[PDB]
$ cat input-v2.cif   # mmCIF, C-alpha atoms and all ligand atoms
data_work
loop_
_atom_site.label_atom_id
_atom_site.label_comp_id
_atom_site.auth_asym_id
_atom_site.auth_seq_id
_atom_site.Cartn_x
_atom_site.Cartn_y
_atom_site.Cartn_z
CA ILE A 1 182.47 118.09 73.42
CA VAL A 2 181.93 118.27 77.20
CA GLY A 3 181.61 115.00 79.13
CA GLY A 4 182.56 112.83 76.18
CA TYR A 5 185.40 110.45 75.41
CA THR A 6 188.30 110.13 72.96
CA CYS A 7 186.75 108.49 69.89
CA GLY A 8 189.96 106.89 68.69
CA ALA A 9 191.79 107.65 65.49
CA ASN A 10 189.58 107.52 62.40
CA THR A 11 186.66 105.78 64.11
CA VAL A 12 184.38 108.58 62.80
CA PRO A 13 185.56 108.53 59.24
CA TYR A 14 182.93 110.98 57.90
CA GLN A 15 184.04 113.70 60.37
CA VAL A 16 185.77 116.65 58.75
CA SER A 17 187.59 119.63 60.07
CA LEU A 18 187.18 122.97 58.27
CA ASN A 19 190.43 124.90 58.36
CA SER A 20 191.20 128.50 57.50
CA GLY A 21 194.63 128.64 59.10
CA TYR A 22 193.24 126.80 62.12
CA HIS A 23 190.34 124.46 62.90
CA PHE A 24 187.15 126.49 63.14
CA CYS A 25 184.26 124.10 62.44
CA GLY A 26 183.27 120.49 61.90
CA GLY A 27 181.45 118.99 58.95
CA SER A 28 180.32 115.64 57.54
CA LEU A 29 181.44 114.02 54.28
CA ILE A 30 178.40 112.95 52.26
CA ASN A 31 180.10 111.83 49.04
CA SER A 32 183.54 112.19 47.47
CA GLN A 33 182.94 115.80 46.42
CA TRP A 34 180.67 117.29 49.08
CA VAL A 35 180.56 118.21 52.76
CA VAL A 36 177.62 119.42 54.82
CA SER A 37 178.21 121.81 57.72
CA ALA A 38 176.46 124.65 59.54
CA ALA A 39 175.59 127.86 57.73
CA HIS A 40 177.10 129.77 60.58
CA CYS A 41 180.42 128.15 59.66
CA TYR A 42 180.39 129.99 56.29
CA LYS A 43 183.55 131.82 55.38
CA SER A 44 185.84 132.39 52.45
CA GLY A 45 189.10 130.42 52.13
CA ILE A 46 188.01 127.03 53.53
CA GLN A 47 190.26 123.97 53.32
CA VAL A 48 188.53 120.69 54.16
CA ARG A 49 190.59 118.28 56.22
CA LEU A 50 189.54 114.63 56.02
CA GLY A 51 191.07 111.63 57.78
CA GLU A 52 191.92 113.67 60.90
CA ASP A 53 192.44 112.54 64.43
CA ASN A 54 195.01 114.90 66.01
CA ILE A 55 194.35 118.13 64.09
CA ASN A 56 197.79 119.51 65.09
CA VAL A 57 199.89 116.55 64.00
CA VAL A 58 200.21 115.01 60.54
CA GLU A 59 199.63 111.34 61.33
CA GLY A 60 199.49 109.90 57.84
CA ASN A 61 195.87 109.42 56.82
CA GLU A 62 194.88 112.98 56.06
CA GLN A 63 193.57 114.54 52.88
CA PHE A 64 193.59 118.34 52.64
CA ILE A 65 191.40 119.71 49.82
CA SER A 66 190.35 123.30 49.21
CA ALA A 67 186.68 124.16 48.83
CA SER A 68 185.68 125.27 45.34
CA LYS A 69 182.17 126.46 46.24
CA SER A 70 180.04 127.11 49.34
CA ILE A 71 176.24 127.08 49.35
CA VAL A 72 174.50 128.45 52.39
CA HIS A 73 170.82 127.42 52.65
CA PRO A 74 168.72 129.99 50.77
CA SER A 75 166.57 130.56 53.87
CA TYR A 76 169.34 130.71 56.50
CA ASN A 77 168.63 133.41 59.11
CA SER A 78 171.71 134.23 61.16
CA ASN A 79 169.65 136.04 63.81
CA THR A 80 167.59 132.99 64.71
CA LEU A 81 169.80 130.27 63.20
CA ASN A 82 166.77 128.84 61.38
CA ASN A 83 167.96 126.67 58.47
CA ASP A 84 171.54 126.45 59.81
CA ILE A 85 172.96 124.30 57.03
CA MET A 86 175.54 124.73 54.27
CA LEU A 87 177.06 122.59 51.49
CA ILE A 88 180.75 122.76 50.57
CA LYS A 89 182.13 121.41 47.26
CA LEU A 90 185.67 120.02 47.18
CA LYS A 91 187.99 121.27 44.40
CA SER A 92 188.95 117.69 43.76
CA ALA A 93 187.31 114.45 44.81
CA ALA A 94 188.44 112.85 48.03
CA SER A 95 189.97 109.43 47.74
CA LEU A 96 187.47 107.38 49.76
CA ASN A 97 188.97 104.70 52.03
CA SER A 98 188.36 103.11 55.42
CA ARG A 99 189.47 106.30 57.21
CA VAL A 100 187.73 108.75 54.86
CA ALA A 101 184.12 107.69 54.37
CA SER A 102 180.76 109.25 53.60
CA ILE A 103 177.75 109.22 55.92
CA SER A 104 174.30 108.43 54.55
CA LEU A 105 171.44 110.90 54.48
CA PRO A 106 168.18 110.10 56.24
CA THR A 107 165.16 108.60 54.52
CA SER A 108 163.03 109.88 57.40
CA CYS A 109 163.57 111.79 60.61
CA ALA A 110 164.75 110.19 63.86
CA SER A 111 162.42 109.71 66.77
CA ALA A 112 162.74 111.26 70.18
CA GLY A 113 164.68 108.88 72.36
CA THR A 114 166.91 107.60 69.60
CA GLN A 115 170.59 107.45 70.67
CA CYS A 116 173.08 109.30 68.51
CA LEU A 117 176.80 109.93 68.22
CA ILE A 118 178.04 113.56 68.29
CA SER A 119 181.73 114.33 67.65
CA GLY A 120 184.17 117.16 67.32
CA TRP A 121 187.24 119.12 68.33
CA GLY A 122 185.40 121.78 70.36
CA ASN A 123 185.82 122.92 73.95
CA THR A 124 185.73 120.15 76.53
CA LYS A 125 185.04 122.37 79.53
CA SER A 126 181.62 123.59 80.75
CA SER A 127 183.29 126.41 82.70
CA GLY A 128 186.37 127.84 81.10
CA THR A 129 188.18 126.53 78.09
CA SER A 130 190.26 123.63 76.85
CA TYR A 131 190.52 122.46 73.28
CA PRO A 132 191.52 118.88 72.56
CA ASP A 133 193.67 117.97 69.71
CA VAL A 134 192.17 114.53 69.05
CA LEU A 135 188.52 113.91 68.18
CA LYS A 136 185.97 113.60 70.99
CA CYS A 137 182.75 111.64 70.99
CA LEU A 138 179.47 111.76 72.91
CA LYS A 139 176.52 109.40 72.96
CA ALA A 140 173.31 111.34 73.49
CA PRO A 141 169.60 110.86 72.89
CA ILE A 142 167.26 113.06 70.97
CA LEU A 143 165.00 114.94 73.39
CA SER A 144 161.30 115.52 72.96
CA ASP A 145 160.37 118.66 71.12
CA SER A 146 158.34 119.75 74.18
CA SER A 147 161.42 119.57 76.44
CA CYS A 148 163.41 121.37 73.76
CA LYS A 149 160.88 124.21 73.43
CA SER A 150 160.46 124.54 77.18
CA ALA A 151 164.21 125.06 77.49
CA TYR A 152 164.28 127.70 74.75
CA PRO A 153 160.88 129.36 74.52
CA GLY A 154 159.96 130.86 71.14
CA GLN A 155 163.43 130.04 69.78
CA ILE A 156 162.97 126.48 68.46
CA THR A 157 161.67 125.94 64.93
CA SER A 158 160.59 122.82 62.98
CA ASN A 159 164.16 122.68 61.53
CA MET A 160 165.78 122.18 64.94
CA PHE A 161 165.88 119.45 67.58
CA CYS A 162 167.46 119.13 70.96
CA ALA A 163 169.76 116.27 72.03
CA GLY A 164 171.67 115.55 75.21
CA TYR A 165 171.01 115.50 78.92
CA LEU A 166 168.86 117.93 80.89
CA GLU A 167 170.84 117.34 84.09
CA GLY A 168 173.97 118.74 82.44
CA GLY A 169 177.54 117.62 82.13
CA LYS A 170 177.40 116.23 78.58
CA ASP A 171 177.01 118.33 75.44
CA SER A 172 178.66 119.70 72.35
CA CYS A 173 180.26 123.14 72.56
CA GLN A 174 182.10 125.92 70.68
CA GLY A 175 184.40 124.47 68.06
CA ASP A 176 182.03 121.52 67.45
CA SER A 177 179.87 123.76 65.21
CA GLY A 178 178.93 122.20 61.90
CA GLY A 179 179.78 118.65 63.05
CA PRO A 180 177.70 115.52 62.84
CA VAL A 181 174.93 113.97 64.87
CA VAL A 182 174.57 110.44 63.57
CA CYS A 183 171.74 108.16 64.62
CA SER A 184 171.15 104.62 63.27
CA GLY A 185 173.73 105.17 60.56
CA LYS A 186 172.25 108.39 59.20
CA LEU A 187 173.23 112.05 59.50
CA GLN A 188 170.29 113.48 61.38
CA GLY A 189 171.79 116.65 62.92
CA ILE A 190 174.41 119.35 62.64
CA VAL A 191 175.85 121.00 65.75
CA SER A 192 174.18 124.42 65.71
CA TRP A 193 173.65 126.22 69.05
CA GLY A 194 172.70 126.15 72.73
CA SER A 195 173.18 128.21 75.89
CA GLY A 196 176.67 127.80 77.36
CA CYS A 197 177.75 124.17 77.22
CA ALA A 198 176.57 121.28 79.32
CA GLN A 199 174.53 123.49 81.59
CA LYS A 200 171.49 122.05 83.36
CA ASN A 201 168.17 122.39 81.45
CA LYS A 202 170.00 123.85 78.43
CA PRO A 203 170.52 121.00 76.03
CA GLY A 204 172.27 121.16 72.64
CA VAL A 205 170.26 122.36 69.64
CA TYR A 206 170.92 120.75 66.24
CA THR A 207 169.87 121.42 62.66
CA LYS A 208 167.24 118.88 61.68
CA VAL A 209 168.90 117.36 58.61
CA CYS A 210 165.96 115.18 57.58
CA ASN A 211 164.07 118.33 56.48
CA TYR A 212 166.85 119.19 54.00
CA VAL A 213 167.56 115.90 52.16
CA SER A 214 165.71 116.94 49.01
CA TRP A 215 167.46 120.32 49.01
CA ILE A 216 170.81 118.61 49.51
CA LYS A 217 170.25 116.05 46.78
CA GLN A 218 168.98 118.53 44.25
CA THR A 219 171.72 121.02 45.05
CA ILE A 220 174.56 118.56 44.68
CA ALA A 221 173.06 117.24 41.42
CA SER A 222 172.99 120.76 39.94
CA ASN A 223 176.45 121.93 41.14
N1 LIG B 301 175.44 122.37 72.38
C1 LIG B 301 175.91 123.53 72.81
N2 LIG B 301 175.84 123.87 74.09
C2 LIG B 301 176.51 124.44 71.75
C3 LIG B 301 176.47 125.83 71.91
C4 LIG B 301 176.99 126.79 71.01
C5 LIG B 301 177.60 126.37 69.85
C6 LIG B 301 178.22 127.23 68.76
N3 LIG B 301 177.21 128.02 68.12
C7 LIG B 301 176.97 129.29 68.27
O1 LIG B 301 177.59 129.84 69.18
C8 LIG B 301 176.03 130.01 67.41
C9 LIG B 301 176.75 130.25 66.08
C10 LIG B 301 177.02 131.72 66.04
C11 LIG B 301 175.95 132.28 66.97
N4 LIG B 301 175.52 131.11 67.77
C12 LIG B 301 174.65 131.27 68.72
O2 LIG B 301 174.33 130.25 69.34
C13 LIG B 301 173.97 132.56 69.10
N5 LIG B 301 172.63 132.27 69.67
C14 LIG B 301 171.54 132.03 68.69
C15 LIG B 301 170.87 133.30 68.28
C16 LIG B 301 169.78 133.63 69.27
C17 LIG B 301 168.43 133.08 68.95
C18 LIG B 301 168.40 131.62 68.93
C19 LIG B 301 169.68 131.11 68.44
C20 LIG B 301 170.89 130.94 69.23
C21 LIG B 301 177.64 124.97 69.69
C22 LIG B 301 177.12 124.02 70.60
CA CA B 302 196.32 115.25 61.78
#

$ encode --input "input-v2.cif" --output "structure tokens"
Amino acid sequence: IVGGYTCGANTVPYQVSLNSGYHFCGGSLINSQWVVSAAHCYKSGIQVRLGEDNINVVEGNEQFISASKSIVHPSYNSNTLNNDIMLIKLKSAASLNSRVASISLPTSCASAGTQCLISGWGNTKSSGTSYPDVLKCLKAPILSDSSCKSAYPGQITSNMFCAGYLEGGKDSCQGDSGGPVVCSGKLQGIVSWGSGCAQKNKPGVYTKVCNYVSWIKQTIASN
């Protein structure tokens, strides 16, 4: 997150870190057995880390649980990042508490202009690199689809939306991949892609979660 702030420990209790020896992606807890992340975060050997604030210090509220199964969206296209969404099953159910909580799925999509919270452990610099160890937060509005498509001609699909600031300085970034965009109490996006980070007229592009709720619900019910 570039241009954001320190959230504070466990103030985003649905935020997960995916670990394969190291943090490599975010995710969102949607019930005690399942996480949703980006398809481009797929890899073998994932451990889900819940209850995290400093990802390099054991502070006392963590739960580390191996994934038993990954399900990348059937229609994910890695070349275009269309349908950039993936479900991860936990080997054992998380113990849900005030620091380890699920986020609700949308009943409908969010409107342009709605303010959202984006969070993660990704790079905080727009030029160069610095990775935080505690969780960072950013308030950002959803942008109109027209502004989104003008920024990225021919590359935006119905399964994507932009959020952020066209003037630059505030955005998600590498390492935030797979993490949540929460608006009005619902998971509406997943950190997916963009051009650089926090560059002018290149806002963040997010997987449009409201298009996948039926797939998510049916998939979790059958797995
Ligand atoms: N909001 C931002 N500025 C932001 C930028 C980048 C990321 C991390 N994501 C990535 O780097 C992803 C995953 C692997 C390939 N990624 C890419 O973004 C590669 N570019 C795609 C492919 C080209 C056609 C349109 C799609 C964009 C996360 C956030
Ligand atoms: Ca920790």

$ atom_distance --input "input-v2.cif" --atom1 "CA of residue 215 in chain A" --atom2 "CA of residue 73 in chain A"
8.7 Å

$ closest_residue --input "input-v2.cif" --among "A:57, A:142, A:156, A:2" --to "ligand CA 302 (chain B)" --atoms "only C-alpha atoms and all ligand atoms"
A:57

$ closest_residue --input "input-v2.cif" --among "A:92, A:172, A:82, A:159" --to "residue 123 in chain A" --atoms "only C-alpha atoms"
A:172

$ residues_around --input "input-v2.cif" --residues "residue 203 in chain A" --least-positions-apart "4" --cutoff "7 Å" --atoms "all atoms listed in the file" --output "MDAnalysis selection string"
chainID A and resid 162:166 194 198

$ residues_around --input "input-v2.cif" --residues "range 129-140 of chain A" --least-positions-apart "3" --cutoff "6 Å" --atoms "all atoms listed in the file" --output "PDB file with C-alpha atoms, in the frame of the given file"
ATOM      1  CA  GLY A   4     182.560 112.830  76.180  1.00  0.00           C
ATOM      2  CA  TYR A   5     185.400 110.450  75.410  1.00  0.00           C
ATOM      3  CA  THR A   6     188.300 110.130  72.960  1.00  0.00           C
ATOM      4  CA  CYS A   7     186.750 108.490  69.890  1.00  0.00           C
ATOM      5  CA  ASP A  53     192.440 112.540  64.430  1.00  0.00           C
ATOM      6  CA  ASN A  54     195.010 114.900  66.010  1.00  0.00           C
ATOM      7  CA  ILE A  55     194.350 118.130  64.090  1.00  0.00           C
ATOM      8  CA  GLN A 115     170.590 107.450  70.670  1.00  0.00           C
ATOM      9  CA  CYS A 116     173.080 109.300  68.510  1.00  0.00           C
ATOM     10  CA  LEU A 117     176.800 109.930  68.220  1.00  0.00           C
ATOM     11  CA  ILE A 118     178.040 113.560  68.290  1.00  0.00           C
ATOM     12  CA  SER A 119     181.730 114.330  67.650  1.00  0.00           C
ATOM     13  CA  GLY A 120     184.170 117.160  67.320  1.00  0.00           C
ATOM     14  CA  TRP A 121     187.240 119.120  68.330  1.00  0.00           C
ATOM     15  CA  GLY A 122     185.400 121.780  70.360  1.00  0.00           C
ATOM     16  CA  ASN A 123     185.820 122.920  73.950  1.00  0.00           C
ATOM     17  CA  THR A 124     185.730 120.150  76.530  1.00  0.00           C
ATOM     18  CA  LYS A 125     185.040 122.370  79.530  1.00  0.00           C
ATOM     19  CA  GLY A 164     171.670 115.550  75.210  1.00  0.00           C
TER      20      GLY A 164
END

$ residues_around --input "input-v2.cif" --residues "residue 59 in chain A" --least-positions-apart "6" --cutoff "12 Å" --atoms "all atoms listed in the file" --output "PDB file with C-alpha atoms, in the frame of the given file"
ATOM      1  CA  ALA A   9     191.790 107.650  65.490  1.00  0.00           C
ATOM      2  CA  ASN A  10     189.580 107.520  62.400  1.00  0.00           C
ATOM      3  CA  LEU A  50     189.540 114.630  56.020  1.00  0.00           C
ATOM      4  CA  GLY A  51     191.070 111.630  57.780  1.00  0.00           C
ATOM      5  CA  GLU A  52     191.920 113.670  60.900  1.00  0.00           C
ATOM      6  CA  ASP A  53     192.440 112.540  64.430  1.00  0.00           C
ATOM      7  CA  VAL A 134     192.170 114.530  69.050  1.00  0.00           C
TER       8      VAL A 134
END

$ residues_near_ligand --input "input-v2.cif" --ligand "ligand LIG 301 (chain B)" --cutoff "7 Å" --atoms "only C-alpha atoms and all ligand atoms" --output "list in words"
residues 40, 79, 80, 81, 155, 171, 172, 173, 174, 175, 176, 177, 191, 192, 193, 194, 195, 196, 197, 198, 203, 204 and 205 of chain A

$ closest_residue --input "input-v2.cif" --among "A:214, A:47, A:28, A:17" --to "ligand CA 302 (chain B)" --atoms "all atoms listed in the file"
A:17

$ axis_aligned_box --input "input-v2.cif" --around "range 174-190 of chain A" --padding-each-side "8 Å" --output "JSON"
{"center_x": 177.3, "center_y": 115.3, "center_z": 64.9, "size_x": 30.1, "size_y": 37.3, "size_z": 27.5}

$ residues_near_point --input "input-v2.cif" --point "(183.8, 124.5, 44.8)" --cutoff "7 Å" --atoms "all atoms listed in the file" --output "number ranges by chain"
A: 67-70, 88-91

$ closest_residue --input "input-v2.cif" --among "A:21, A:45, A:13, A:60" --to "ligand CA 302 (chain B)" --atoms "all atoms listed in the file"
A:60

$ atom_distance --input "input-v2.cif" --atom1 "CA of residue 219 in chain A" --atom2 "CA of residue 114 in chain A"
28.4 Å

$ atom_distance --input "input-v2.cif" --atom1 "CA of residue 58 in chain A" --atom2 "CA of residue 41 in chain A"
23.8 Å

$ closest_residue --input "input-v2.cif" --among "A:127, A:83, A:63, A:37" --to "ligand CA 302 (chain B)" --atoms "all atoms listed in the file"
A:63

$ residues_around --input "input-v2.cif" --residues "residue 212 in chain A" --least-positions-apart "3" --cutoff "12 Å" --atoms "all atoms listed in the file" --output "PyMOL selection string"
chain A and resi 36+73-75+83-87+105-109+158-160+187-190+207-209+215-219

$ closest_residue --input "input-v2.cif" --among "A:30, A:19, A:180, A:223" --to "residue 65 in chain A" --atoms "all atoms listed in the file"
A:19

$ decode --input "input-v2.cif" --residues "range 114-153 of chain A" --atoms "N, CA and C atoms" --output "PDB file, in the first residue's frame"
ATOM      1  N   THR A 114     -18.417   4.871  -4.288  1.00  0.00           N
ATOM      2  CA  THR A 114     -18.426   4.282  -2.957  1.00  0.00           C
ATOM      3  C   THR A 114     -16.998   4.213  -2.399  1.00  0.00           C
ATOM      4  N   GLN A 115     -16.822   4.550  -1.128  1.00  0.00           N
ATOM      5  CA  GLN A 115     -15.530   4.517  -0.455  1.00  0.00           C
ATOM      6  C   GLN A 115     -15.308   3.130   0.134  1.00  0.00           C
ATOM      7  N   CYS A 116     -14.077   2.659  -0.015  1.00  0.00           N
ATOM      8  CA  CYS A 116     -13.700   1.317   0.353  1.00  0.00           C
ATOM      9  C   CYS A 116     -12.397   1.334   1.148  1.00  0.00           C
ATOM     10  N   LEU A 117     -12.172   0.236   1.852  1.00  0.00           N
ATOM     11  CA  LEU A 117     -10.916   0.016   2.569  1.00  0.00           C
ATOM     12  C   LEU A 117     -10.104  -1.084   1.889  1.00  0.00           C
ATOM     13  N   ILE A 118      -8.863  -0.798   1.541  1.00  0.00           N
ATOM     14  CA  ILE A 118      -7.914  -1.707   0.898  1.00  0.00           C
ATOM     15  C   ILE A 118      -6.762  -1.908   1.866  1.00  0.00           C
ATOM     16  N   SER A 119      -6.227  -3.118   2.007  1.00  0.00           N
ATOM     17  CA  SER A 119      -5.231  -3.363   3.048  1.00  0.00           C
ATOM     18  C   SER A 119      -4.235  -4.414   2.563  1.00  0.00           C
ATOM     19  N   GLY A 120      -3.041  -4.338   3.148  1.00  0.00           N
ATOM     20  CA  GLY A 120      -2.054  -5.355   2.844  1.00  0.00           C
ATOM     21  C   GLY A 120      -0.659  -5.042   3.305  1.00  0.00           C
ATOM     22  N   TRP A 121       0.236  -5.981   3.056  1.00  0.00           N
ATOM     23  CA  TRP A 121       1.631  -5.926   3.468  1.00  0.00           C
ATOM     24  C   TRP A 121       2.562  -5.683   2.281  1.00  0.00           C
ATOM     25  N   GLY A 122       2.044  -5.103   1.206  1.00  0.00           N
ATOM     26  CA  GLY A 122       2.817  -4.869  -0.007  1.00  0.00           C
ATOM     27  C   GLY A 122       3.703  -3.626   0.070  1.00  0.00           C
ATOM     28  N   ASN A 123       4.429  -3.392  -1.015  1.00  0.00           N
ATOM     29  CA  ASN A 123       5.340  -2.263  -1.102  1.00  0.00           C
ATOM     30  C   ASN A 123       4.630  -0.941  -0.795  1.00  0.00           C
ATOM     31  N   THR A 124       5.317  -0.107  -0.010  1.00  0.00           N
ATOM     32  CA  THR A 124       4.796   1.197   0.331  1.00  0.00           C
ATOM     33  C   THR A 124       5.439   2.321  -0.464  1.00  0.00           C
ATOM     34  N   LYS A 125       6.335   1.999  -1.391  1.00  0.00           N
ATOM     35  CA  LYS A 125       6.943   3.059  -2.193  1.00  0.00           C
ATOM     36  C   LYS A 125       6.417   3.091  -3.618  1.00  0.00           C
ATOM     37  N   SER A 126       6.245   4.250  -4.232  1.00  0.00           N
ATOM     38  CA  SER A 126       5.845   4.343  -5.632  1.00  0.00           C
ATOM     39  C   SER A 126       7.038   4.214  -6.580  1.00  0.00           C
ATOM     40  N   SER A 127       8.187   4.649  -6.100  1.00  0.00           N
ATOM     41  CA  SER A 127       9.487   4.527  -6.747  1.00  0.00           C
ATOM     42  C   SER A 127      10.396   3.742  -5.823  1.00  0.00           C
ATOM     43  N   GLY A 128      10.954   2.634  -6.310  1.00  0.00           N
ATOM     44  CA  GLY A 128      11.725   1.865  -5.328  1.00  0.00           C
ATOM     45  C   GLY A 128      10.860   0.971  -4.468  1.00  0.00           C
ATOM     46  N   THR A 129      11.475   0.486  -3.383  1.00  0.00           N
ATOM     47  CA  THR A 129      10.874  -0.615  -2.646  1.00  0.00           C
ATOM     48  C   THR A 129      11.075  -0.575  -1.143  1.00  0.00           C
ATOM     49  N   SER A 130       9.999  -0.752  -0.409  1.00  0.00           N
ATOM     50  CA  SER A 130      10.068  -0.927   1.026  1.00  0.00           C
ATOM     51  C   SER A 130       8.821  -1.711   1.462  1.00  0.00           C
ATOM     52  N   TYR A 131       9.083  -2.802   2.165  1.00  0.00           N
ATOM     53  CA  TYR A 131       7.990  -3.642   2.615  1.00  0.00           C
ATOM     54  C   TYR A 131       7.798  -3.483   4.114  1.00  0.00           C
ATOM     55  N   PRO A 132       6.562  -3.218   4.505  1.00  0.00           N
ATOM     56  CA  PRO A 132       6.272  -2.980   5.919  1.00  0.00           C
ATOM     57  C   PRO A 132       6.153  -4.286   6.667  1.00  0.00           C
ATOM     58  N   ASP A 133       6.259  -4.219   7.987  1.00  0.00           N
ATOM     59  CA  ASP A 133       5.961  -5.563   8.531  1.00  0.00           C
ATOM     60  C   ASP A 133       4.567  -5.643   9.134  1.00  0.00           C
ATOM     61  N   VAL A 134       4.008  -4.501   9.513  1.00  0.00           N
ATOM     62  CA  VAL A 134       2.640  -4.393   9.978  1.00  0.00           C
ATOM     63  C   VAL A 134       1.706  -4.020   8.837  1.00  0.00           C
ATOM     64  N   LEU A 135       0.428  -4.322   9.030  1.00  0.00           N
ATOM     65  CA  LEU A 135      -0.597  -4.138   8.006  1.00  0.00           C
ATOM     66  C   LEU A 135      -0.894  -2.662   7.744  1.00  0.00           C
ATOM     67  N   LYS A 136      -0.988  -2.327   6.456  1.00  0.00           N
ATOM     68  CA  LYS A 136      -1.285  -0.994   5.972  1.00  0.00           C
ATOM     69  C   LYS A 136      -2.691  -0.990   5.347  1.00  0.00           C
ATOM     70  N   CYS A 137      -3.291   0.177   5.510  1.00  0.00           N
ATOM     71  CA  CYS A 137      -4.633   0.504   5.081  1.00  0.00           C
ATOM     72  C   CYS A 137      -4.694   1.745   4.192  1.00  0.00           C
ATOM     73  N   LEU A 138      -5.698   1.736   3.312  1.00  0.00           N
ATOM     74  CA  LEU A 138      -5.962   2.836   2.391  1.00  0.00           C
ATOM     75  C   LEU A 138      -7.459   2.957   2.158  1.00  0.00           C
ATOM     76  N   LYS A 139      -7.954   4.167   2.368  1.00  0.00           N
ATOM     77  CA  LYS A 139      -9.327   4.485   1.954  1.00  0.00           C
ATOM     78  C   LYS A 139      -9.314   4.997   0.522  1.00  0.00           C
ATOM     79  N   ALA A 140     -10.143   4.395  -0.347  1.00  0.00           N
ATOM     80  CA  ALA A 140     -10.164   4.808  -1.727  1.00  0.00           C
ATOM     81  C   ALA A 140     -11.542   4.558  -2.334  1.00  0.00           C
ATOM     82  N   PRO A 141     -11.969   5.444  -3.210  1.00  0.00           N
ATOM     83  CA  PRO A 141     -13.244   5.251  -3.887  1.00  0.00           C
ATOM     84  C   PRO A 141     -13.162   4.430  -5.154  1.00  0.00           C
ATOM     85  N   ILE A 142     -14.277   3.784  -5.467  1.00  0.00           N
ATOM     86  CA  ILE A 142     -14.402   3.123  -6.739  1.00  0.00           C
ATOM     87  C   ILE A 142     -14.512   4.180  -7.820  1.00  0.00           C
ATOM     88  N   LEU A 143     -13.831   3.977  -8.924  1.00  0.00           N
ATOM     89  CA  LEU A 143     -13.794   4.939 -10.026  1.00  0.00           C
ATOM     90  C   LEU A 143     -14.791   4.512 -11.080  1.00  0.00           C
ATOM     91  N   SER A 144     -15.216   5.463 -11.901  1.00  0.00           N
ATOM     92  CA  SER A 144     -16.167   5.086 -12.949  1.00  0.00           C
ATOM     93  C   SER A 144     -15.511   4.147 -13.942  1.00  0.00           C
ATOM     94  N   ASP A 145     -16.365   3.302 -14.531  1.00  0.00           N
ATOM     95  CA  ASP A 145     -15.785   2.336 -15.472  1.00  0.00           C
ATOM     96  C   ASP A 145     -15.169   3.075 -16.652  1.00  0.00           C
ATOM     97  N   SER A 146     -15.682   4.250 -17.007  1.00  0.00           N
ATOM     98  CA  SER A 146     -15.191   5.000 -18.157  1.00  0.00           C
ATOM     99  C   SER A 146     -13.765   5.482 -17.894  1.00  0.00           C
ATOM    100  N   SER A 147     -13.499   5.930 -16.688  1.00  0.00           N
ATOM    101  CA  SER A 147     -12.202   6.437 -16.254  1.00  0.00           C
ATOM    102  C   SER A 147     -11.224   5.265 -16.223  1.00  0.00           C
ATOM    103  N   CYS A 148     -11.713   4.144 -15.715  1.00  0.00           N
ATOM    104  CA  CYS A 148     -10.967   2.894 -15.666  1.00  0.00           C
ATOM    105  C   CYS A 148     -10.547   2.459 -17.060  1.00  0.00           C
ATOM    106  N   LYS A 149     -11.496   2.371 -17.998  1.00  0.00           N
ATOM    107  CA  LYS A 149     -11.178   1.939 -19.361  1.00  0.00           C
ATOM    108  C   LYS A 149     -10.351   2.952 -20.124  1.00  0.00           C
ATOM    109  N   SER A 150     -10.541   4.237 -19.855  1.00  0.00           N
ATOM    110  CA  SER A 150      -9.632   5.194 -20.503  1.00  0.00           C
ATOM    111  C   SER A 150      -8.191   5.046 -20.045  1.00  0.00           C
ATOM    112  N   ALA A 151      -7.980   4.642 -18.790  1.00  0.00           N
ATOM    113  CA  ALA A 151      -6.627   4.474 -18.289  1.00  0.00           C
ATOM    114  C   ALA A 151      -5.929   3.237 -18.855  1.00  0.00           C
ATOM    115  N   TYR A 152      -6.722   2.229 -19.167  1.00  0.00           N
ATOM    116  CA  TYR A 152      -6.241   0.927 -19.630  1.00  0.00           C
ATOM    117  C   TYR A 152      -7.049   0.406 -20.808  1.00  0.00           C
ATOM    118  N   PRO A 153      -6.924   1.102 -21.942  1.00  0.00           N
ATOM    119  CA  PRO A 153      -7.700   0.737 -23.122  1.00  0.00           C
ATOM    120  C   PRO A 153      -7.610  -0.717 -23.561  1.00  0.00           C
TER     121      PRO A 153
END
